[PDB]
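With ideal geometry, Cβ positions are generated from the backbone for all residues, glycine too; neighbour counts draw on all protein chains shown. What follows draws every value from the coordinates through simple rules; no lab data is involved.
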């Protein structure tokens, strides 16, 4: 459903009025609510415990089609430009794409061969670095976060005596805003996520209806103004 | 989202949908509530028991990308400038960085080799110092906090007959304030954390909507609620 | 957050007014409430069962950073000046620092070697003094409280045939008051803990927000005047 | 806190936040309620079942520092002045100190050696005196209370063929009253525990805030509550 | 928030304490009308309509400038009679036509007038030619004009 | 505490029993004006 | 300050201009805002569903000073040149006691 | 005794001085206080909001 249909169905279900004599719900307001609704839907349908079915990304075909048009595969770029300091001795710092939302699969191609990357926790790092060998298994590599500046930088801790030739990242792309009209026309300099023009939704038509329903619920709870509703529907903000 | 976007979406969520039907909120108050919100979200999403999912720092990809832009790796500096008194005989006092929020991984590079540091409790210290050897294991080092003056000083208790050449600290950086406008223009002298000018959020866009919603709930409780609302919503402040 | 920010954010969250035409909340009152709030926060985050997470001093990094800027290490001074009477025959009385809040680690350096001190209960004393040897284990020393005069005196019951050369005490320093303005200006001789001038908070910025929220809750419950609220929020006074 | 600080913070907690919106309280009444509060806190924090944490005297460091400034070690004096009648044949009557609140450790130094005293119950006495030997174990001594006249007299039942050279008592001293002003100035003849002048709290500053809060609750129950409030709050008087 | 208060506007009231004012009245108001004039705006606050200049066109068509200060007027049936001081002490007759006032000068001379003694008049209609206007000052003799 | 009672000042009354006095009246008053003079102080006690 | 009102210009409705200033003051406070309407950005005056609503000003002495008293004078009025008829029906005052 | 009141001095508000004495008495009691206001210390008279 293109953005015009989004706004029209928002009108059908929320009873706001299109006339400017009685200011109803502005297109900026509906754009903001739809952006928040799609972000919430992504965060709830990704984590299995955020929805009512207990199913996350790859637990059913419907979730797969929901997240299909956000899955992106890109390469990591070496951070040798900045001579920063790492936490490990054998850590090659790599910069990730800017339009990153969630990482789901990482791989590194070394001279020995491709090795899937394991996101290791701060406790597992201390646990496995208190042992004799202090290296990963033959078919895996470690990854921890490091000093980042308006980006995301990762320390790729691969076993010594090896060199990193590539770093692929399969990730969920950051969803773009849902904007129904050029906001610069009536509204001076208002933006959603740095965008002022029409931004048609970049997601599958499967969850367009869920986004619309969530936006309508958020609009009703916002106009109600009750604190209880605000907290109850902020519970689903993650 | 930009700070202007923060304010406008805050007035679209609070203030009903920009109806001017709730207590008017100033820019300083909005900045204060957004700062409080980002501290609250950080403290709740680090501790697994503070959130609704039961997941902490590195228990899911979402938390990793949430805390990504706050992870900082820095070196501790010897505190030999002040001849203070230590609690242990073999303790080399080190000063931690000033912009420290939470420590998650610490290591020390000695002549024998790198040794991951274990934060030992006040009871575990007494338990392990009542034994024959009274030294750590071959591949670990102890750390306890001591006299600090407007900083954080740590006693590095490494095994005897060894020297410390480096002390690296992977810590969560203190988040910067969220300020929507230059507070010195309209207001005489008011600051959030010692800052008076505009301050963009130094976090990933993942938790920006969560921060906005938490700020909205805090505003609603403070400006439209009673003592019960404040007490109930202060539970999620830790 | 310096004390000016403390008062300003107290104003933002409690809606008290800065003008002296309508007397709102005096700076002395906010100083008292903040002092009580920090004392309560210390007592609740120290004891694991006082908070909602079940975590005390050294059960998480956040508690460690909370109590970092209070941990102090100091030496005990012999009480040979006053020839008082002890409860044990081999008890060397020692005076502790005046700015003592809570003891967490004690050690004594004798001619035999360093020995961690065990705070023994009044029942354990009778239990272990009803046995043949009536001495501690080879690697520990006992400690019980004795006659104190505006101080804290401890009977150091170390095994006979040994001499005490040092007595180190790692303790949590007594927090200083939080005062926003020189109280002597408007208020004749009011004090918080023997202090009348500005006393910037000596704790980490981590729990500044918790202190502020607790102070706001206490202010609301005090102005409410209900007995039920008073008891409910006095439950958290320990 | 000083007694003036006690009164001012009491009027900041009770009396709303110094709004004069609750029953006015005199200095004598405040002194009485503070004295009652300190007795209540002592009795509740000694008995583990009286508090909310389930911890008594020496079950945590906080309780130790709470009771530190009341622990007193004193010698018992032989009651040979009065030829009273004892219940046991080998009982040497001894008089305890007058400023006695609670006994926690007692010992006797005989020609054979020091022997920790066991407070035996009225039933245990009958049980152990119905046996062949009818004497304590080699390393203990018995104690039972007998005829006392405005004091405390104790029957020291030590094993026969032995003599008593010393009787040491480590006891909790009776707390002194908390009086804010010379009561003889405005009031004719009123006392708290036989004292009419200003009396600083003879306790550690740890429990001063607890005493203040308990006094506030007592004042609220007495001056703003009904019979139910008094009955409910009298439960915590023991 | 917690509570609300509706306020109605039935008039304007003063002289009453702020603590005991009544919501149905206004404490002060400038250029408002609470009565239905030109529309059905009764009991609803509305603007006060503005004025419209009317030219004082003579029968010949030239403009008629009035000398100076006014002392009093008189509307007989449709003829307004102005008694004005100034350089001279004049008298006028104004008749309201469709869009202009047919202004005539009935006299211009030294009729002893003073601004401290304004005019108070009575006017009668006895026939199409005897249309009199009696007027009196507190200083001078009573006079008549047809 | 338990209860409250608002009192208004509409004038001054006497000759009535204390047990049956009315809250809207004052029992005695010196140099006060309950009428709006020089300001809008009608029904509000003000100085003379 | 919730209030209904309508402005007209020779039979033609004007839903953009109702008032131009709001003075609110008491024994110890005096604030004023211009009552402007910005569609996208927050503004002192904003309309939705044919019900205008305005924020009571904050005292000029301290811009953080909300109007808080047992009573307050509230003054609506146009003080910019214009020629419109402004039917001003009612006015509700939301407060927190 | 809760009560609203305002004191002025040539248009200028005075929020510090309202009354100076409070006699309360009955058939068998008679008390009086001076109604002073001390900002920090407790006093018979205190104003807030």
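Odds and ends about this structure:
- Condition met for residue C:82 (closer than 30 Å to residue C:198 by Cα, assigned to a loop (DSSP other than H, G, I, E, B) and more than 14 Å from chain B (Cβ to nearest Cβ)): no
- Failed item in (1) more than 14 Å from chain A (Cβ to nearest Cβ); (2) surrounded by fewer than 19 Cβ atoms within 10 Å (Cβ to Cβ); (3) under 23 Å from residue E:9 (Cβ atoms), with residue G:17 passing the rest: (1)
- Scanning segment D:13-36 for residues that are over 22 Å from residue C:223 (Cα atoms) and in contact with a helix residue (DSSP H, G or I) (Cβ under 8 Å, 6 or more places away or on another chain) yields a count of 3.
- Sole exception among (1) more than 8 Å from every other protein chain (Cβ to nearest Cβ); (2) exposed (fewer than 15 other Cβ atoms within 10 Å of the Cβ) for residue G:52, by number: (2)
- Any chance residue F:48 is more than 9 Å from every other protein chain (Cβ to nearest Cβ), surrounded by fewer than 10 Cβ atoms within 10 Å (Cβ to Cβ) and closer than 30 Å to residue D:15 by Cβ: no
- Among the candidates E:112, E:90, residue that is in a strand (DSSP E or B) and closer than 20 Å to residue E:67 by Cα: E:90
- Filtered by the rule that a residue be in a loop (DSSP other than H, G, I, E, B) and surrounded by fewer than 20 Cβ atoms within 10 Å (Cβ to Cβ), segment C:87-103 gives C:89, C:90, C:97, C:98, C:99.
- Here residue B:177 fulfils each of the conditions (1) in contact with a helix residue (DSSP H, G or I) (Cβ under 9 Å, 6 or more places away or on another chain); (2) in a strand (DSSP E or B) apart from (2).
- In segment D:55-68, the condition of being facing chain C (nearest Cβ under 7 Å), part of a loop (DSSP other than H, G, I, E, B), in contact with a strand residue (DSSP E or B) (Cβ under 8 Å, 6 or more places away or on another chain) and under 30 Å from residue C:91 (Cα atoms) is met by at least one residue.
- Failed condition for residue G:36, given (1) more than 14 Å from chain A (Cβ to nearest Cβ); (2) surrounded by fewer than 16 Cβ atoms within 10 Å (Cβ to Cβ); (3) in a loop (DSSP other than H, G, I, E, B): (1)
- Single residue of G:42, G:57, G:81 found to be buried (at least 19 other Cβ atoms within 10 Å of the Cβ), more than 7 Å from every other protein chain (Cβ to nearest Cβ) and assigned to a loop (DSSP other than H, G, I, E, B): G:57
- Only listed residue being closer than 29 Å to residue B:155 by Cβ, surrounded by fewer than 21 Cβ atoms within 10 Å (Cβ to Cβ) and out of contact with any helix residue (DSSP H, G or I) (no Cβ under 8 Å at 6 or more places or on another chain), chosen from C:155, C:162, C:106: C:162
- Checking segment G:39-46 against the condition returns no match, with no residue being over 27 Å from residue B:6 (Cα atoms) and touching a strand residue (DSSP E or B) at 6+ places or on another chain (Cβ under 7 Å).
- In segment G:60-78, the qualifying residues are those that are in contact (Cβ under 8 Å) with a residue 40 or more places away in the chain and over 29 Å from residue A:188 (Cα atoms), and the one that is surrounded by the most Cβ atoms within 10 Å (Cβ to Cβ) is G:67.
- Within segment D:37-78, the residues that satisfy the criterion of being farther than 17 Å from residue C:155 by Cα, crowded, with 20+ Cβ neighbours inside 10 Å, touching a residue at least 24 places away in the same chain (Cβ under 8 Å) and over 14 Å from the mean Cα position of the chain (by Cα) are D:62, D:76.
- Those residues of segment C:13-36 which are surrounded by fewer than 23 Cβ atoms within 10 Å (Cβ to Cβ), within 12 Å of chain B (Cβ to nearest Cβ) and not in a loop (DSSP other than H, G, I, E, B), in sequence order: C:14
- Tally of residues being closer than 30 Å to residue H:11 by Cα and out of contact with any strand residue (DSSP E or B) (no Cβ under 9 Å at 6 or more places or on another chain) across segment F:12-37: 2
- Checked against the criterion of being surrounded by 17 or more Cβ atoms within 10 Å (Cβ to Cβ), under 30 Å from residue D:30 (Cα atoms) and either within 14 Å of chain C (Cβ to nearest Cβ) or more than 26 Å from the chain's Cα centre (by Cα) (or both), the candidates D:143, D:173 yield just one match: D:173.
- Of the residues making up segment C:160-175, those that are without any contact (Cβ under 8 Å) to a residue 60 or more places away in the chain and either closer than 19 Å to residue D:168 by Cα or touching a strand residue (DSSP E or B) at 6+ places or on another chain (Cβ under 9 Å) (or both) are C:162, C:163, C:165.
- Test: residue E:83 is within 14 Å of another protein chain (Cβ to nearest Cβ) and surrounded by 13 or more Cβ atoms within 10 Å (Cβ to Cβ): no
- Whenever a residue of segment A:111-132 is more than 11 Å from chain B (Cβ to nearest Cβ), its partners that are surrounded by 13 or more Cβ atoms within 10 Å (Cβ to Cβ) and part of a helix (DSSP H, G or I), lying with C-beta atoms within less than 9 angstrom and at least six residues away or across chains, give the pairs A:118/A:124.
- Options A:152, A:178, A:85, A:120; residue that is under 26 Å from the mean Cα position of the chain (by Cα) and closer than 18 Å to residue B:168 by Cβ: A:120
- For the criterion of being outside any loop (DSSP other than H, G, I, E, B), closer than 30 Å to residue C:186 by Cα, touching a helix residue (DSSP H, G or I) at 6+ places or on another chain (Cβ under 9 Å) and within 14 Å of chain B (Cβ to nearest Cβ), residue C:10 passes.
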